Amino acid sequence: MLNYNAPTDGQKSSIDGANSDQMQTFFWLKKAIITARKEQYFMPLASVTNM
Amino acid sequence: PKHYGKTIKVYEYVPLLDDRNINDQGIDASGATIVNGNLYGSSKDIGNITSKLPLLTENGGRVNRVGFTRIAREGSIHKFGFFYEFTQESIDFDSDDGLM
């Protein structure tokens with residue numbers, strides 16, 4: 001029978017021979033995870049003097 | 052395209068009757084498991100073809116199973132380059148204008 005088996009972990013599919021292997025084995029979201037800024041407390045307190 | 056590395060790959064599908072079709076799905080006319088998996092491959096011998104013909108009986112049954120195979124190929128790219136150097140005195144005081 002033609003089986004998918006598990007192309008990852010070293011068990012090639014039935015359709016694939018000795019030379020071939022699956023091209024796509026995962027899906028990629030393309031939306032990354034990011035971290036925002038840390039809030040600041042002392043900075044708004046200050047006033048500015050020109051020089 | 053730009054963001055896909057440096058390699059291109061394709062598929063090639065081997066026909067059913069070929070020597071490159073190596074698999075484990077073979078069941079002969081009697082019903083036993085056999086190793087070849089394709090009927091007779093690229094054989095012109097009459098005896099080999101006769102011994103491996105896909106015959107049927109009145110009752111049918113689970114006989115004459117086949118399989119398939121595919122192959123992949125690849126290629127890649129490289130980078131080359133070279134350069135040379137000169138000075139202004141080599142241009143201004145040379146006897147031949149148009150050297151560059």
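So the protein lines, in turn, are chains I and H. Residue numbers for the first sequence follow the entry's author numbering, beginning at 1 and rising by one. Residue numbers for the second sequence follow the entry's author numbering, beginning at 52 and rising by one. Yeah, the Cβ is synthetic: ideal placement off N, Cα and C, and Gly gets one too.
If the five residues before and after H:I100 are omitted, its C-beta is found closer than 8 Å to the C-beta atoms of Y91, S94, all from its own chain and listed in chain order. For H:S127, the enclosing beta strand (DSSP E) covers residues 121-127. Judged by beta-carbon spacing, I:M23 lies beyond the 8 Å limit of H:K103, meaning their Cβ atoms are not closer than that value. Residue contact with chain H for I:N19: present (Cβ-Cβ distance below 8 Å to some residue of chain H). If you draw a 10 Å sphere on the C-beta of I:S20, you find 16 or more other C-beta atoms in it, and that means buried.
In this structure, H:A123 lies near H:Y62, with their beta-carbon atoms less than 8 Å apart. The continuous beta strand (DSSP E) containing H:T58 extends over residues 58-64.
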